[PDB]
Every structure is written in C-alpha cells, then in structure tokens.
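Visitor: Supplied in structure tokens, the structure appears directly below.
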Amino acid sequence: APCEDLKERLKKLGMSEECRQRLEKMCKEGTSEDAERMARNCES
C-alpha cells in the first residue's frame, strides 16, 4: 500500500495537523522512509 501504514500512524500517534500535512505530502512524491523519519523528528 502506497503510504497507508505511515499516514495512518500520523493520525494514530496524534501529531500536529500541519505535521501530518507535511509528512504524507513528502511520502507521496519522495521516499517514505525519509517521511516517517521526519515524523520521528516531528514528535517521536
């Protein structure tokens, strides 16, 4: 699945609205591993 696991974790971990909107955007065009890494840098 494209970015379902990653983007649903942005929702499940309950980061900022802006945080999700940054990360799922980068996960589409860019590498998913770098997007979730920025999710870990965003919150944890």
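Each chain in the structure tokens gets a letter, A, B, ..., in the order shown, and its residues are numbered from 1; ligands are numbered from 1 in order too.
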Within 12 Å of residue 37 in chain A, counting only C-alpha atoms, which residues show up once you throw out same-chain ones fewer than 6 positions away? Write them as a list in words, please.

Guide: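 Selected residues are residues 6, 10, 23, 24, 26, 27, 31, 43 and 44 of chain A.
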
Visitor: Might you pull out every residue within 7 Å of residue 3 in chain A, with only C-alpha atoms counted and same-chain residues fewer than 2 positions away left off, and present them as a PyMOL selection string?

Guide: chain A and resi 1+5-7+27-28+32

Visitor: Would you mind exporting the chosen residues as a short mmCIF file (atom, residue, chain, number, x, y, z; two decimals), in the first residue's frame, restricted to N, CA and C atoms?

Guide:
```
data_model
loop_
_atom_site.label_atom_id
_atom_site.label_comp_id
_atom_site.auth_asym_id
_atom_site.auth_seq_id
_atom_site.Cartn_x
_atom_site.Cartn_y
_atom_site.Cartn_z
N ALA A 1 0.86 -1.22 0.00
CA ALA A 1 0.00 0.00 0.00
C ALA A 1 0.89 1.26 0.00
N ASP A 5 0.23 2.78 5.86
CA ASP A 5 0.79 2.46 7.19
C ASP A 5 1.36 3.74 7.85
N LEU A 6 2.15 4.49 7.06
CA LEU A 6 2.85 5.71 7.52
C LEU A 6 1.84 6.81 7.91
N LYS A 7 0.93 7.11 6.97
CA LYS A 7 -0.03 8.23 7.06
C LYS A 7 -1.11 7.97 8.12
N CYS A 27 5.74 11.84 1.62
CA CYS A 27 5.67 10.38 1.49
C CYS A 27 5.16 9.95 0.10
N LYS A 28 4.33 10.82 -0.53
CA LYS A 28 3.79 10.59 -1.88
C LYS A 28 4.90 10.75 -2.94
N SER A 32 9.35 7.22 1.39
CA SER A 32 8.50 7.03 2.58
C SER A 32 9.35 6.92 3.86
#
```

Visitor: DSSP says alpha helix (DSSP H) for which residues of chain A? Put them as an NGL selection string?

Guide: :A and (4-12 or 17-29 or 32-42)

Visitor: Could you work out how far CA of residue 40 in chain A lies from CA of residue 12 in chain A, giving the answer in Å with one decimal?

Guide: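 A separation of 13.3 Å between them.
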